[PDB]
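To start, the structure itself, in structure tokens.
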Amino acid sequence: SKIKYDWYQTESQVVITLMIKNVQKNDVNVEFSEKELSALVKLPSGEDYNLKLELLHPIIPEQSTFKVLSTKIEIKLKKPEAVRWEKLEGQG
């Protein structure tokens, strides 16, 4: 599948906003395991709305978190070093 999303980053944190409201925490299966950022939103409506974000570089899983804001889902991953990921995705 695909989902509507946008992103931002500090000189420290990479922050991905999945632009989804029809959701609750339990729906949002985010996995980080030194690969891509796979965010599988199991919709109320049964189906999975999934983002597979091919990160510029894999990161230490422990640096990774997420919260359902309400109107969006904010996934955050703290960059191991505070370098600007000029391009979020693998040469996006």
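Chains: A, B, ... in order of the structure tokens. Residues: from 1 per chain. Ligands: from 1, in order shown.
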
- Query: Hey, what's within 9 Å of residue 24 (chain A) if we count only C-alpha atoms and toss same-chain stuff fewer than 5 positions away? As number ranges by chain, please?
  - Reply: A: 43-44, 68, 70

- Item | Surrounding residues of residue 8 (chain A) excluding itself and chain neighbours under 2 positions, 10 Å, only C-alpha atoms, as a VMD selection string | chain A and resid 6 10 13 to 17 76 88

Only C-alpha atoms, please: the residues just picked out, written as a PDB file, in the first residue's frame.
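Contents of the output file result.pdb:
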```
ATOM      1  CA  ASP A   6       5.589  14.516   5.025  1.00  0.00           C
ATOM      2  CA  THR A  10      16.503  19.002  13.402  1.00  0.00           C
ATOM      3  CA  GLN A  13      16.352  14.234  14.968  1.00  0.00           C
ATOM      4  CA  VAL A  14      14.687  12.948  11.774  1.00  0.00           C
ATOM      5  CA  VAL A  15      10.895  13.338  12.209  1.00  0.00           C
ATOM      6  CA  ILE A  16       8.352  11.738   9.807  1.00  0.00           C
ATOM      7  CA  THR A  17       4.707  12.929   9.927  1.00  0.00           C
ATOM      8  CA  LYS A  76      11.117  10.200  15.301  1.00  0.00           C
ATOM      9  CA  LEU A  88      15.977  11.921   3.889  1.00  0.00           C
TER      10      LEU A  88
END
```

- Query: Can you tell me, as a list in words, what residues are no more than 9 Å from residue 33 (chain A) when counting only C-alpha atoms, ignoring any on the same chain fewer than 5 positions away?
  - Reply: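 After dropping sequence-adjacent residues, the list is residues 58, 59, 60 and 61 of chain A.
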
Using only C-alpha atoms, which residues sit within 10 Å of residue 90 (chain A) once same-chain residues fewer than 3 positions away are excluded, as a CSV table (one decimal) with C-alpha atoms, in the first residue's frame?
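Output contents, as saved in around-v1.csv:
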```
chain,number,residue,atom,x,y,z
A,36,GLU,CA,14.3,0.8,6.2
A,53,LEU,CA,10.7,4.7,3.9
A,54,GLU,CA,14.2,3.8,2.5
A,55,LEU,CA,16.2,5.8,5.1
A,56,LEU,CA,19.4,7.5,3.8
A,57,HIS,CA,21.3,5.2,6.2
A,58,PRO,CA,20.1,2.6,8.7
A,85,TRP,CA,20.4,14.2,6.1
A,87,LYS,CA,18.2,13.9,1.4
```

Would you list the contacts of residue 49 (chain A) as an mmCIF file with N, CA, C and O atoms, in the first residue's frame, taking every protein, DNA or RNA residue within 12 Å and counting only C-alpha atoms, but skipping same-chain residues closer than 2 positions in sequence?
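As written to disk, part.cif reads:
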```
data_model
loop_
_atom_site.group_PDB
_atom_site.id
_atom_site.type_symbol
_atom_site.label_atom_id
_atom_site.label_comp_id
_atom_site.auth_asym_id
_atom_site.auth_seq_id
_atom_site.Cartn_x
_atom_site.Cartn_y
_atom_site.Cartn_z
ATOM 1 N N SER A 1 0.844 -1.209 0.000
ATOM 2 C CA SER A 1 0.000 0.000 0.000
ATOM 3 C C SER A 1 0.878 1.258 0.000
ATOM 4 O O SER A 1 2.082 1.167 -0.238
ATOM 5 N N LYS A 2 0.280 2.429 0.228
ATOM 6 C CA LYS A 2 0.983 3.678 0.451
ATOM 7 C C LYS A 2 0.119 4.476 1.426
ATOM 8 O O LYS A 2 -1.039 4.118 1.648
ATOM 9 N N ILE A 3 0.682 5.521 2.027
ATOM 10 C CA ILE A 3 0.019 6.415 2.957
ATOM 11 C C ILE A 3 0.533 7.828 2.671
ATOM 12 O O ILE A 3 1.641 7.976 2.157
ATOM 13 N N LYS A 4 -0.269 8.850 2.974
ATOM 14 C CA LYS A 4 0.127 10.244 2.840
ATOM 15 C C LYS A 4 1.046 10.611 4.007
ATOM 16 O O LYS A 4 0.719 10.346 5.166
ATOM 17 N N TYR A 5 2.205 11.206 3.723
ATOM 18 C CA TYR A 5 3.168 11.565 4.741
ATOM 19 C C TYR A 5 3.971 12.778 4.283
ATOM 20 O O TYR A 5 3.997 13.092 3.094
ATOM 21 N N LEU A 18 3.284 11.015 9.372
ATOM 22 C CA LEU A 18 2.290 10.319 8.569
ATOM 23 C C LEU A 18 0.978 11.075 8.758
ATOM 24 O O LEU A 18 0.489 11.198 9.883
ATOM 25 N N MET A 19 0.446 11.635 7.671
ATOM 26 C CA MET A 19 -0.658 12.579 7.701
ATOM 27 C C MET A 19 -1.974 11.811 7.792
ATOM 28 O O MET A 19 -2.772 11.820 6.855
ATOM 29 N N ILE A 20 -2.182 11.117 8.912
ATOM 30 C CA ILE A 20 -3.315 10.224 9.100
ATOM 31 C C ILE A 20 -3.973 10.454 10.462
ATOM 32 O O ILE A 20 -3.296 10.482 11.489
ATOM 33 N N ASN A 22 -7.439 8.884 11.010
ATOM 34 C CA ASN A 22 -8.285 7.714 11.243
ATOM 35 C C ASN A 22 -7.439 6.549 11.768
ATOM 36 O O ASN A 22 -7.218 5.570 11.058
ATOM 37 N N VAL A 23 -6.929 6.676 12.995
ATOM 38 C CA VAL A 23 -5.944 5.758 13.543
ATOM 39 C C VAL A 23 -5.953 5.820 15.076
ATOM 40 O O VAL A 23 -6.382 6.816 15.653
ATOM 41 N N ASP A 27 -2.927 0.428 16.082
ATOM 42 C CA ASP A 27 -2.924 0.219 14.643
ATOM 43 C C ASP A 27 -1.512 0.359 14.086
ATOM 44 O O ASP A 27 -1.176 -0.256 13.076
ATOM 45 N N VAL A 28 -0.716 1.241 14.695
ATOM 46 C CA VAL A 28 0.546 1.679 14.144
ATOM 47 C C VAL A 28 1.655 0.708 14.554
ATOM 48 O O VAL A 28 2.232 0.828 15.632
ATOM 49 N N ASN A 29 1.995 -0.219 13.660
ATOM 50 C CA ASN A 29 3.140 -1.101 13.814
ATOM 51 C C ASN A 29 4.324 -0.476 13.080
ATOM 52 O O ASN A 29 4.486 -0.684 11.879
ATOM 53 N N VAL A 30 5.151 0.293 13.795
ATOM 54 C CA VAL A 30 6.424 0.772 13.273
ATOM 55 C C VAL A 30 7.511 -0.214 13.691
ATOM 56 O O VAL A 30 7.574 -0.574 14.866
ATOM 57 N N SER A 38 9.810 0.874 8.238
ATOM 58 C CA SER A 38 8.540 0.278 7.854
ATOM 59 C C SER A 38 7.496 0.645 8.909
ATOM 60 O O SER A 38 7.572 0.162 10.039
ATOM 61 N N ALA A 39 6.545 1.508 8.535
ATOM 62 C CA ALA A 39 5.419 1.921 9.361
ATOM 63 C C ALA A 39 4.146 1.333 8.759
ATOM 64 O O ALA A 39 3.702 1.797 7.710
ATOM 65 N N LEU A 40 3.599 0.281 9.374
ATOM 66 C CA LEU A 40 2.404 -0.421 8.928
ATOM 67 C C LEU A 40 1.230 0.040 9.794
ATOM 68 O O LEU A 40 1.155 -0.338 10.964
ATOM 69 N N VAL A 41 0.328 0.859 9.248
ATOM 70 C CA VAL A 41 -0.864 1.313 9.950
ATOM 71 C C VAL A 41 -2.019 0.366 9.609
ATOM 72 O O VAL A 41 -2.611 0.474 8.536
ATOM 73 N N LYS A 42 -2.347 -0.560 10.512
ATOM 74 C CA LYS A 42 -3.501 -1.434 10.344
ATOM 75 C C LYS A 42 -4.772 -0.597 10.525
ATOM 76 O O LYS A 42 -5.149 -0.293 11.654
ATOM 77 N N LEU A 43 -5.419 -0.176 9.435
ATOM 78 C CA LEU A 43 -6.554 0.727 9.537
ATOM 79 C C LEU A 43 -7.710 0.081 10.302
ATOM 80 O O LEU A 43 -7.862 -1.140 10.261
ATOM 81 N N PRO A 44 -8.574 0.901 10.929
ATOM 82 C CA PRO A 44 -9.858 0.455 11.446
ATOM 83 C C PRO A 44 -10.557 -0.422 10.402
ATOM 84 O O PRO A 44 -10.996 -1.531 10.695
ATOM 85 N N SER A 45 -10.576 0.051 9.152
ATOM 86 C CA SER A 45 -11.117 -0.627 7.985
ATOM 87 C C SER A 45 -10.303 -1.854 7.535
ATOM 88 O O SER A 45 -10.234 -2.125 6.337
ATOM 89 N N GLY A 46 -9.680 -2.598 8.455
ATOM 90 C CA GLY A 46 -9.026 -3.871 8.181
ATOM 91 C C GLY A 46 -7.673 -3.746 7.473
ATOM 92 O O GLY A 46 -6.686 -4.329 7.919
ATOM 93 N N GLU A 47 -7.625 -3.037 6.341
ATOM 94 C CA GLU A 47 -6.462 -3.025 5.466
ATOM 95 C C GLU A 47 -5.264 -2.339 6.126
ATOM 96 O O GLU A 47 -5.420 -1.487 6.999
ATOM 97 N N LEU A 51 3.878 2.692 4.960
ATOM 98 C CA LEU A 51 5.001 3.432 4.406
ATOM 99 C C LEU A 51 6.250 2.590 4.637
ATOM 100 O O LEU A 51 6.536 2.219 5.776
ATOM 101 N N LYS A 52 6.992 2.298 3.567
ATOM 102 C CA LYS A 52 8.330 1.736 3.640
ATOM 103 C C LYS A 52 9.275 2.837 3.177
ATOM 104 O O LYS A 52 9.436 3.068 1.980
#
```

- Query: Could you pull out the strand (DSSP E or B) residues of chain A from DSSP and send them as JSON, numbers by chain?
  - Reply: {"A": [5, 6, 7, 8, 9, 13, 14, 15, 16, 17, 18, 28, 29, 30, 31, 37, 38, 39, 40, 41, 42, 48, 49, 50, 51, 52, 53, 55, 64, 65, 66, 67, 68, 73, 74, 75, 76, 77, 78, 89]}

Selection to disk with C-alpha atoms, as a PDB file, in the first residue's frame:
```pdb
ATOM      1  CA  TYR A   5       3.168  11.565   4.741  1.00  0.00           C
ATOM      2  CA  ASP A   6       5.589  14.516   5.025  1.00  0.00           C
ATOM      3  CA  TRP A   7       8.825  14.962   7.046  1.00  0.00           C
ATOM      4  CA  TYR A   8      11.100  17.386   8.932  1.00  0.00           C
ATOM      5  CA  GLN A   9      14.450  17.130  10.775  1.00  0.00           C
ATOM      6  CA  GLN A  13      16.352  14.234  14.968  1.00  0.00           C
ATOM      7  CA  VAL A  14      14.687  12.948  11.774  1.00  0.00           C
ATOM      8  CA  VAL A  15      10.895  13.338  12.209  1.00  0.00           C
ATOM      9  CA  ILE A  16       8.352  11.738   9.807  1.00  0.00           C
ATOM     10  CA  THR A  17       4.707  12.929   9.927  1.00  0.00           C
ATOM     11  CA  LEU A  18       2.290  10.319   8.569  1.00  0.00           C
ATOM     12  CA  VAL A  28       0.546   1.679  14.144  1.00  0.00           C
ATOM     13  CA  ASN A  29       3.140  -1.101  13.814  1.00  0.00           C
ATOM     14  CA  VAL A  30       6.424   0.772  13.273  1.00  0.00           C
ATOM     15  CA  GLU A  31       9.528  -1.459  13.045  1.00  0.00           C
ATOM     16  CA  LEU A  37      11.595   2.529   8.262  1.00  0.00           C
ATOM     17  CA  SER A  38       8.540   0.278   7.854  1.00  0.00           C
ATOM     18  CA  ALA A  39       5.419   1.921   9.361  1.00  0.00           C
ATOM     19  CA  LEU A  40       2.404  -0.421   8.928  1.00  0.00           C
ATOM     20  CA  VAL A  41      -0.864   1.313   9.950  1.00  0.00           C
ATOM     21  CA  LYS A  42      -3.501  -1.434  10.344  1.00  0.00           C
ATOM     22  CA  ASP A  48      -2.830  -2.045   6.113  1.00  0.00           C
ATOM     23  CA  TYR A  49      -1.774   1.478   5.054  1.00  0.00           C
ATOM     24  CA  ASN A  50       2.019   1.115   4.937  1.00  0.00           C
ATOM     25  CA  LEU A  51       5.001   3.432   4.406  1.00  0.00           C
ATOM     26  CA  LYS A  52       8.330   1.736   3.640  1.00  0.00           C
ATOM     27  CA  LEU A  53      10.707   4.697   3.895  1.00  0.00           C
ATOM     28  CA  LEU A  55      16.189   5.822   5.051  1.00  0.00           C
ATOM     29  CA  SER A  64      13.785   5.246  17.182  1.00  0.00           C
ATOM     30  CA  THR A  65      10.342   6.122  18.612  1.00  0.00           C
ATOM     31  CA  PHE A  66       6.862   7.259  17.497  1.00  0.00           C
ATOM     32  CA  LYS A  67       3.673   8.873  18.834  1.00  0.00           C
ATOM     33  CA  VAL A  68       0.173   9.227  17.372  1.00  0.00           C
ATOM     34  CA  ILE A  73       1.576  10.168  13.520  1.00  0.00           C
ATOM     35  CA  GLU A  74       5.009  11.591  14.417  1.00  0.00           C
ATOM     36  CA  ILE A  75       7.732   8.949  13.998  1.00  0.00           C
ATOM     37  CA  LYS A  76      11.117  10.200  15.301  1.00  0.00           C
ATOM     38  CA  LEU A  77      14.576   8.677  14.960  1.00  0.00           C
ATOM     39  CA  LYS A  78      17.561  10.393  16.580  1.00  0.00           C
ATOM     40  CA  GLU A  89      15.609   8.882   1.638  1.00  0.00           C
TER      41      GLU A  89
END
```

- Query: Mind pulling up the distance from CA of residue 79 (chain A) to CA of residue 25 (chain A)?
  - Reply: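 Rounded to one decimal, the two atoms are 23.7 Å apart.
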
- Using only C-alpha atoms, pick whichever of A:72, A:84, A:62, A:12 has the shortest atom-to-atom distance to residue 34 (chain A).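 Residue with the minimum atom-to-atom distance to residue 34 (chain A): A:62.
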
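Considering only chain A, backbone DSSP assigns helix (DSSP H, G or I) to residues 25, 26, 27, 61, 62 and 63 of chain A.
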